[PDB]
Amino acid sequence: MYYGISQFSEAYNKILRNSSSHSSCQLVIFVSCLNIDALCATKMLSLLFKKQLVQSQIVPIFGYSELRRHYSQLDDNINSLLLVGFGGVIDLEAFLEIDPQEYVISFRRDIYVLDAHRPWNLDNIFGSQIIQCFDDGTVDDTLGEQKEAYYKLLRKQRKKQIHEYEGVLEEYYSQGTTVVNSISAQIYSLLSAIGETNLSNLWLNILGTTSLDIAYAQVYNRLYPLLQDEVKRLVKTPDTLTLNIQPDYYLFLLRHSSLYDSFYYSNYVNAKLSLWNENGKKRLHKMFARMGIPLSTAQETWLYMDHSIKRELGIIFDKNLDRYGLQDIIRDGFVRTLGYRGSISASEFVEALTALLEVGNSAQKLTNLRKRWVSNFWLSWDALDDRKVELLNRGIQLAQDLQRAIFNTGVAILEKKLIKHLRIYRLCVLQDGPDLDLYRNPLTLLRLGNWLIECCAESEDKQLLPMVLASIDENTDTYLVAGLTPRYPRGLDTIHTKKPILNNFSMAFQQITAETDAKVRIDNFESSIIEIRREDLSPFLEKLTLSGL
Amino acid sequence: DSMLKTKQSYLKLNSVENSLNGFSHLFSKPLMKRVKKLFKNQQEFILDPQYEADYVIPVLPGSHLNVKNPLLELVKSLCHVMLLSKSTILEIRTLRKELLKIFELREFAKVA
């Protein structure tokens, strides 16, 4: 590894020695837009560097084209560059035509790349001094064999060594993309080693770690005990700040919507009870009748809902939910209280943040959409501070609206049975419908796909197949296609969790694009999301069917 | 040839005219199979680089239509030629709908 966890401080010190100036901006940060973990890490770094009065600039980017253009725009005065949330999986020198001898003098510049994706570029590690990253504890142990081959490959019977090195390189490659650690977790480890931890840093770390609960529950379970221990280590006067470990549930905005709406829109309960048809609603009313909560009472706001049943909710759940297999909904979460404003939870906060990212406020309109996404990112960043709550209530209401729209589309998809089951992977295309203009956002599409994946996984089928989802935007006449990995049921043991399911969709897409002249545009930071033409989709799909996955 | 054959057969027998009513029945099935095969081959060989020469849409003076799929215009012209019968309209419309069902299009779409 280049920078081990223990060496972080040293690198940090170098930054000061290269950036502490009186009237010169010598540090520029590029962040992975449309990502909560990147936003949390950027906020923590911004507070850190505001503490020591180090001048800096924050610049969000969306695609690799923007990255290259902005790197070209930069001047030699900028000694230090940060690249947080991306850049691990590719070699930047080839992308950025970086001449080491142009930047030798050594260390003319410094580029600190900080990314989470476990498979990445090995040459970026073992080849270049100029590019440097923070390892999470992967190169030291996992990559012990590949480095020998790379070092050796950097008399007539010696071709066996070359063949073995090529085979080792191929074996290391051809691996699907995954995430195994958190940028916010790494930054908080650095802060703990330095000695600047406080409640704001802990809150941002909690947000960053809980933003992965949807997709990387294994990583979340690995990281939870450290957060628990650290929060243990660290009269209701109007200035108290309380961070407590209170029981919580896999429910959608439980403390801001009615309990009925929470049970109705919770994805896990939807999957477990088939709420898209009438039998699900009948079983939900059975649930409520057997628990004993009146329907008109349970359809009231959580603030005005009855105090006695608010107190007895835990016992009611513990005694009622065993029969119907929902006993996995109970978990332990973090609750934040500051003043007389009320109480909030990490799950609700991240849902509000995601919704505010989604909704806020040919090539020309694509640029306009990307600019609007950048503006939404800035608005979500501004909403972080505790001095603004009209920028969080709006996010909560937008989250409710977006979940309603997603549910309305998903029930229609399920009833029309548009999910076509092929021999290898399932396919679904949204040709027509209402409110299709919302799904131009990749995160909205991923939310819809996550709900569909949960619904499909909570079934009696014994086939684990990837799902391909596509949409339409009539103004551009293009299909936005996203590849999705299968997921195990949340109520499963760790024995059958040897490795997370890998994503080969990016590899398949890049291979097909490199062998055929399709009019695609692969520029998103997420390598499994591409834009394809309506006329070109079908042959492309056929190729994907006939190619080795 | 089919039209000439059916007119000769009618004359042999003796706004509607029976000289031509019943001529599309002779070639419907081979046409359907040929169109299926052509669609499959176009789907398979449209994205290949070396086969892109034969799918190039020619340009001529006075042309104004920009369009993508050649087989669609082939079948559109083939059906429009038949539609000039003015006496077997329903049969031609049925055959046109059947041909369009091979594509994922509808009877009264603007693209058709």
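Would you confirm, using the coordinates I've provided, whether residue A:494 is of a type outside the set (A, V, I, L, M), away from every other protein chain (no Cβ under 14 Å) and either within 18 Å of the chain's Cα centre (by Cα) or closer than 26 Å to residue A:35 by Cα (or both)? Spell out the reasoning first.
Working: of a type outside the set (A, V, I, L, M): yes; away from every other protein chain (no Cβ under 14 Å): yes; either within 18 Å of the chain's Cα centre (by Cα) or closer than 26 Å to residue A:35 by Cα (or both): no.
For residue A:494, the condition - of a type outside the set (A, V, I, L, M), away from every other protein chain (no Cβ under 14 Å) and either within 18 Å of the chain's Cα centre (by Cα) or closer than 26 Å to residue A:35 by Cα (or both) - is not met.
Restricting to the stretch A:313-348, give me the number of residues that are more than 31 Å from the chain's Cα centre (by Cα) and among the hydroxyl-bearing types (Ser, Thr, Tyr).
2
Can you find a residue that is exposed (fewer than 12 other Cβ atoms within 10 Å of the Cβ) and under 24 Å from residue A:85 (Cα atoms) anywhere in the stretch A:145-168?
no
How many residues are over 28 Å from residue A:487 (Cα atoms), touching a helix residue (DSSP H, G or I) at 6+ places or on another chain (Cβ under 9 Å) and in a loop (DSSP other than H, G, I, E, B) if we restrict to the stretch A:211-254?
Count: 1.
Suppose we filter the stretch B:48-69 for residues that are acidic (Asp, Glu) and away from chain A (no Cβ under 12 Å); how many remain? Break it down stepwise before answering.
Here is the first cut: in the stretch B:48-69, the ones acidic (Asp, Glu) are B:48, B:52, B:54.
Checking which are away from chain A (no Cβ under 12 Å) leaves us with B:54.
Matching residues across the stretch B:48-69 total 1.
Test of understanding: among B:31, B:90, B:20, which residue is more than 13 Å from chain A (Cβ to nearest Cβ) and loosely packed, with under 10 Cβ neighbours inside 10 Å? Break it down stepwise before answering.
Working: B:31 fails: loosely packed, with under 10 Cβ neighbours inside 10 Å; B:20 fails: loosely packed, with under 10 Cβ neighbours inside 10 Å.
Of the residues listed, the single one that is more than 13 Å from chain A (Cβ to nearest Cβ) and loosely packed, with under 10 Cβ neighbours inside 10 Å is B:90.
Would you mind telling me which numbered condition in (1) loosely packed, with under 14 Cβ neighbours inside 10 Å; (2) in contact with a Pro (Cβ under 7 Å, 6 or more places away or on another chain) residue A:292 fails?
(2)
Out of A:376, A:368, A:393, I need the residue that is surrounded by fewer than 18 Cβ atoms within 10 Å (Cβ to Cβ), among the polar types (S, T, N, Q) and farther than 14 Å from residue A:349 by Cβ. Which one? Write out each step before concluding.
Details: A:376 fails: surrounded by fewer than 18 Cβ atoms within 10 Å (Cβ to Cβ); A:393 fails: farther than 14 Å from residue A:349 by Cβ.
None of the other options fit; the residue is A:368.
Which residues, counting only those in the stretch A:430-451, are over 25 Å from the mean Cα position of the chain (by Cα) and surrounded by 14 or more Cβ atoms within 10 Å (Cβ to Cβ)?
Taking the stretch A:430-451 as the starting set, the residues that turn out to be over 25 Å from the mean Cα position of the chain (by Cα) are A:431-434.
Of everything in the stretch A:430-451, just one residue is over 25 Å from the mean Cα position of the chain (by Cα) and surrounded by 14 or more Cβ atoms within 10 Å (Cβ to Cβ), namely A:433.
Just to verify a result, which residue in the stretch A:186-210, among those that are assigned to a helix (DSSP H, G or I) and hydroxyl-bearing (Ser, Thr, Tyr), is farthest from residue A:114 (Cα to Cα)?
As a first pass, look at the stretch A:186-210 and keep what is assigned to a helix (DSSP H, G or I): A:186-194, A:199-210.
From what's left, hydroxyl-bearing (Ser, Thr, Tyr): A:188-189, A:192, A:200, A:209-210.
Values: A:188: 14, A:189: 14, A:192: 18, A:200: 22, A:209: 16, A:210: 19 Å.
The residue in question is A:200.
Suppose the filter is more than 29 Å from residue A:514 (Cβ to Cβ), within 14 Å of chain A (Cβ to nearest Cβ), in a helix (DSSP H, G or I) and under 13 Å from the mean Cα position of the chain (by Cα); does residue B:72 pass it?
On the way: more than 29 Å from residue A:514 (Cβ to Cβ): yes; within 14 Å of chain A (Cβ to nearest Cβ): yes; in a helix (DSSP H, G or I): yes; under 13 Å from the mean Cα position of the chain (by Cα): yes.
Criteria met by residue B:72.
Identify, by number, the condition in (1) crowded, with 20+ Cβ neighbours inside 10 Å; (2) out of contact with any helix residue (DSSP H, G or I) (no Cβ under 9 Å at 6 or more places or on another chain) that residue A:114 doesn't meet.
Of the numbered conditions (1) crowded, with 20+ Cβ neighbours inside 10 Å; (2) out of contact with any helix residue (DSSP H, G or I) (no Cβ under 9 Å at 6 or more places or on another chain), the odd one out for residue A:114 is (2).
Give me the residue from the stretch A:407-429 that is touching a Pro at 6+ places or on another chain (Cβ under 9 Å) and surrounded by 15 or more Cβ atoms within 10 Å (Cβ to Cβ) and, out of that set, farthest from residue A:467 (Cα to Cα).
A:409
Looking only at the stretch A:379-388, how many residues end up being surrounded by fewer than 17 Cβ atoms within 10 Å (Cβ to Cβ) and either outside any loop (DSSP other than H, G, I, E, B) or touching a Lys or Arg at 6+ places or on another chain (Cβ under 7 Å) (or both)? Show your work before the answer.
Of the residues in the stretch A:379-388, the ones surrounded by fewer than 17 Cβ atoms within 10 Å (Cβ to Cβ) are A:379, A:382, A:385-388.
The next check asks that each one be either outside any loop (DSSP other than H, G, I, E, B) or touching a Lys or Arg at 6+ places or on another chain (Cβ under 7 Å) (or both); those that pass are A:379, A:382.
Of the residues in the stretch A:379-388, 2 are surrounded by fewer than 17 Cβ atoms within 10 Å (Cβ to Cβ) and either outside any loop (DSSP other than H, G, I, E, B) or touching a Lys or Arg at 6+ places or on another chain (Cβ under 7 Å) (or both).
So which residues in the stretch A:393-417 are acidic (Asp, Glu) and either in contact with a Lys or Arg (Cβ under 8 Å, 6 or more places away or on another chain) or under 14 Å from residue A:252 (Cβ atoms) (or both)?
Of the residues in the stretch A:393-417, the ones acidic (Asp, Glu) are A:401, A:415.
Correct list: A:401 only.
Could you tell me whether residue A:444 is within 14 Å of another protein chain (Cβ to nearest Cβ) and farther than 24 Å from residue A:423 by Cβ?
Numbers: within 14 Å of another protein chain (Cβ to nearest Cβ): no; farther than 24 Å from residue A:423 by Cβ: yes.
No, not satisfied.
Only one residue in A:529, A:512 is among the β-branched types (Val, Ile, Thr) and within 14 Å of chain B (Cβ to nearest Cβ), so which one is that?
Values: A:529 fails: within 14 Å of chain B (Cβ to nearest Cβ).
After ruling out the rest, the residue left standing is A:512.
Please work out which residue is farthest from residue A:188 (Cα to Cα), limiting yourself to the stretch A:206-229 and to residues that are out of contact with any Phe, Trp or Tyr (no Cβ under 8 Å at 6 or more places or on another chain) and among the charged types (D, E, K, R).
The extreme case among them is A:222.
When the residues of the stretch A:535-545 are filtered to those that are more than 9 Å from chain B (Cβ to nearest Cβ) and out of contact with any strand residue (DSSP E or B) (no Cβ under 6 Å at 6 or more places or on another chain), which remaining residue is surrounded by the fewest Cβ atoms within 10 Å (Cβ to Cβ)? I'd like the intermediate steps shown before the answer.
The initial filter retains those residues of the stretch A:535-545 that are more than 9 Å from chain B (Cβ to nearest Cβ), namely A:537, A:541, A:544-545.
Keeping just the survivors that are out of contact with any strand residue (DSSP E or B) (no Cβ under 6 Å at 6 or more places or on another chain) gives A:541, A:544-545.
Working: A:541: 19, A:544: 20, A:545: 13.
Filtering first and then ranking leaves A:545.
Select from the stretch A:516-526 the residues that are facing chain B (nearest Cβ under 9 Å) and farther than 16 Å from residue B:68 by Cα and list them in ascending order.
Hit for the stretch A:516-526 is A:516, nothing else.
Answer yes or no: is there a residue in the stretch A:300-312 that is part of a helix (DSSP H, G or I), surrounded by 14 or more Cβ atoms within 10 Å (Cβ to Cβ) and under 33 Å from the mean Cα position of the chain (by Cα).
no
Scan the stretch A:363-386 and tell me whether some residue there is over 22 Å from the mean Cα position of the chain (by Cα), under 30 Å from residue A:263 (Cβ atoms) and not hydroxyl-bearing (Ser, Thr, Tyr).
At the first step, the residues of the stretch A:363-386 found to be over 22 Å from the mean Cα position of the chain (by Cα) are A:363-368, A:386.
When the remaining residues are screened for being under 30 Å from residue A:263 (Cβ atoms), the result is none.
No - not one qualifying residue is present in the stretch A:363-386.
If I filter the stretch B:3-20 for residues that are part of a loop (DSSP other than H, G, I, E, B), touching a helix residue (DSSP H, G or I) at 6+ places or on another chain (Cβ under 7 Å) and β-branched (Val, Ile, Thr), do I get at least one hit? If you could, list the steps in order and put the result at the bottom.
To start, the set of residues in the stretch B:3-20 that are part of a loop (DSSP other than H, G, I, E, B) comprises B:14-20.
Now restrict to residues that are touching a helix residue (DSSP H, G or I) at 6+ places or on another chain (Cβ under 7 Å): B:18-20.
Filter once more, keeping what is β-branched (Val, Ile, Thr): none.
Looking through the stretch B:3-20, none of the residues is part of a loop (DSSP other than H, G, I, E, B), touching a helix residue (DSSP H, G or I) at 6+ places or on another chain (Cβ under 7 Å) and β-branched (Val, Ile, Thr).
Filter the stretch A:71-89 down to the residues that are loosely packed, with under 15 Cβ neighbours inside 10 Å and either aliphatic (A, V, I, L, M) or under 30 Å from the mean Cα position of the chain (by Cα) (or both) and list them by number. Lay out the reasoning, then the answer.
If we filter the stretch A:71-89 for residues that are loosely packed, with under 15 Cβ neighbours inside 10 Å, which is where we start, we get A:72-77.
Selection gives A:72, A:73, A:74.
Where in the stretch A:417-529 are there strands (runs of 3 or more DSSP E), lying wholly inside it, with at least 1 residues that are β-branched (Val, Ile, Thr) and in contact with an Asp or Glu (Cβ under 6 Å, 6 or more places away or on another chain)? Write out each step before concluding.
Working: elements: A:426-429, A:467-473, A:478-484.
Strands (runs of 3 or more DSSP E) meeting the threshold: A:478-484.
Give me a count of the residues in the stretch A:163-182 that are more than 16 Å from the chain's Cα centre (by Cα) and part of a loop (DSSP other than H, G, I, E, B).
Of all residues in the stretch A:163-182, those more than 16 Å from the chain's Cα centre (by Cα) come to A:163-176.
Of the ones still in play, those that are also part of a loop (DSSP other than H, G, I, E, B) are A:173-176.
The total comes to 4.
Please note: Cβ atoms are built from the backbone with ideal geometry, for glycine as well, and neighbour counts cover all protein chains shown. Taken together, the values in this text are just the output of simple stated rules run on the coordinates, not laboratory data.
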